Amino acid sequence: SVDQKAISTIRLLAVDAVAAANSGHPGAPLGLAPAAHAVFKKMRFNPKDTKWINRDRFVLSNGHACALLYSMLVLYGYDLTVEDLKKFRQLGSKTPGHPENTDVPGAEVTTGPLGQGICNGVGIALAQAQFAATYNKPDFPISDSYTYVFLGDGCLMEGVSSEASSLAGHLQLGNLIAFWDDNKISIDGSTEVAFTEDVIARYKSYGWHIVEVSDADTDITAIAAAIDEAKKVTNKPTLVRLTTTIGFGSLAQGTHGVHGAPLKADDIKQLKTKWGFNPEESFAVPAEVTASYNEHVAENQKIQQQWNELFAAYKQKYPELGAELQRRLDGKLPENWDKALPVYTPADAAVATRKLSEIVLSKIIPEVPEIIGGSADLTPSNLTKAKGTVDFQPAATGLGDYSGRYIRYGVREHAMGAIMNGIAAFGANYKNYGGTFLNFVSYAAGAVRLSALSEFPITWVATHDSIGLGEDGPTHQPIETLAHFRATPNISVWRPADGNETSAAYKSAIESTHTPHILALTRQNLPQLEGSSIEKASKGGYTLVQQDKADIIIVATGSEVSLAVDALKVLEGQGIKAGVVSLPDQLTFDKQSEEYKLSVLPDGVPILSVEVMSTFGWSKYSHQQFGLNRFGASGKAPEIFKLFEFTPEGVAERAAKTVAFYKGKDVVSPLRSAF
C-alpha cells in the first residue's frame, strides 16, 4: 500500500542519512516510523507556515532519533530537503545531530538532553489551554490544537519527566498525547538491567489515560485509533504505549548495537530489498509517497485558510480581543506597556528586590496579558503572584481556571524550567516566568541551558540570592550560581540593586525575544540609590557615582552596590576618592558599544569588583576582585556579612590595598585585550 511504502521510505531515509554521516542513531527511527507516519497524518500543520498558531505541535523528546524527524519534514515539504539529509551531522548543515529549533524548520524545541522534550510538550499544552481559555468564544474555536510527543525509555528514567508528568496529570491536560517507544533497549542493553518499574501503573498514578498498542511495528490502524481514543479523553493527558522493536527490519534489530551507530552496508541492502526498494539507491523518495503526503498538506492548508477567515470574523465579533490577539501574533507588546513599570527616587524607603519584583509584576500583569508564570512551591517567599489573579488550574478542581495566569508548579524546579521553554515555544508572544530560590535554579540547569541554546525569552525570578538570606545556611546560599549562568552563552543574569534597577531588569526580561533572563533578587531590604534610573540600568552597566579624579572605581551588583557607596564614604576619610559602577547585567553591558563600555570602565584607574559570591568572570570588568569563594553559614545575615568582611570598612580596606598595589604601575581598562 502507499502507507506501507511511506513507512519504508521514512525508515530508509533515516538509515541512509545515518549512513552518509557515518554517525547517528538508526534504531529508534526504524522502530518509530509507523507511529510517525500515523501521527503526522492526524496532525494539522502547514510546511509553508511553521508558525500557524493553531497547528498541532510535535515534539521528539528522544532527540537522538532526529533522522526520523528530519525525514518527516523533508517528505512533507518543509524548508528541508533530501540534500540537507545527505548533510546530516555535517558542520553547518540544517540537519544537526540533535534537533535545534533555531536551525531546523519544524523543530518546535531543542531536544537531545533526555527528558526535556516531554516537559516542553507539557508546556506547549499548558500554553494552548491558557490561550484557548483566553481567546475562544462560542462559534470561535481560535485554539483547539493538540501536542504530540514521542519519548523513549531514557526520557522516562530522567526525573524531570516524572515531575512534568505528575504536574500534567494534575492539570488535566487532555490535549497532550505522548507516545512511549517501548522497545526495552537502552545504551547499556536490556531495560531489565536498570528500568523494571511498571511505567503504565506509574502513569495511571499521575492521572494519565493509557492506550496500549501491542504491535506498533506494523499496526498503524491501532496507532490512529489510539489518537482518536486520546482525543475523547478531554480531562487527562494520554500515554500511548508503542511496543516496538528497536531497529525494526535490521539484522541487528532488538539489540543495543542498533541504537547509536550506523548499520552495516549489507544490512542496509537487505532492508531495501525486503521492502521493495533498490539496494543500489540511497535517499529514494517514491513519487506516490510525495503525492499522498502532498494531499494531506493541501487539506491542512485549506484548514488554515478557513482558520484565517475565522480569525477575521473573530476580529469583527470581538474587536478588543481580536486586536489583542493580532498584536500578540505579530510579536509586539502593548504600546507603551513600560509606562506601568514602577519608578523610585532616593527619598523612597528601602525595599528587598524580591518585594520590588512583586510590585513590578502587580503593575505589569494587568497591562500585558501574555505574561503568565508561577513558582516551584515558593509563592509567599518569591512573591511571584499578583494579588487578585487566579491560578491556572482545571476548573473541575475549583482551585482556578485555564484562563488563570499563575501556575503552582510544586517542588519541581527542573520541570518548571522545561515547561517554561514549552510555553515560550508555543508562541503568541508569551512572556513567562518561574520563581524559586536562586540556589535551586541549579536543579534546573539542564533546562536553563536549553533556554539559552533555544533562544527562548523565559524568566527565572530567583530570590534569596546570597548569604543575605541568613539562617537557612550554606545549603541555600548561592556561591557558584551566577558564575555558572553568566558563563553560559546567551543568558541575561540581572542582579538589580534597587527599585529602578529592578524595573530595568523586568523591562529587559519582558522585551526579550531571544534571550532567557535570570533575576537574582534579595531577601533583605536595600536602599534606593542616588543616581539610579531605568534609563541607565537598561544599559546593563553604568556609572552610578562619577568621580573625575578617582583613585579607584568600585564595580558592584545587587546588594553590594549600596555597600560600595558606603565604602566610598569611608575611603573619603582615608583620603581616597572612589567612583562606583553598578553592573546589573553583564550580558546587556557586554552588548553596548565599546565607547560606552569604556566610559564606564575607563583606562588609567584601578577597578575593584564587589559581589558576595564567586569571583569568576569578574576579571572581565575589574583588576582586583572581592568576592566569596567558600560556602556560607547559618546565622543572622548581618552577622554573616560581618564575618566575611563585606562591610564598608572591609571594602575600603581592600580598595586602599588595591590603590597601593597599582602605585607606580600603568593601568588600562579590564575591557582591553590582546585579541
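Residue positions are given as counts along the sequence shown, with the first one as 1. Think of the rigid core as the biggest set of C-alphas that the two forms share within 1.5 Å after superposition.
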property: Larger mean CA deviation from the shown form in 7 other deposited structures of this protein [core fit; 382-390 vs 527-535]; result: 382-390
property: Greatest C-alpha divergence in 7 other deposited structures of this protein once each structure is fitted on the rigid core, 547-555 or 372-380; result: 372-380
property: Selected stretch [higher average CA B-factor]: 321-329 or 460-468; result: 321-329
property: Of 243-251 and 566-574, the stretch whose C-alpha atoms average the higher B-factor in the entry; result: 566-574
property: Residue 277, C-alpha B-factor rank within chain (lowest, middle or highest third); result: highest
property: Third of the chain's Cα B-factor distribution that residue 309 belongs to, per the entry; result: middle
property: Lowest, middle or highest third - CA B-factor, residue 593; result: highest
property: Modelled-residue ranking by C-alpha temperature factor, third containing residue 642; result: highest
property: Third of the chain's Cα B-factor distribution that residue 158 belongs to, per the entry; result: lowest
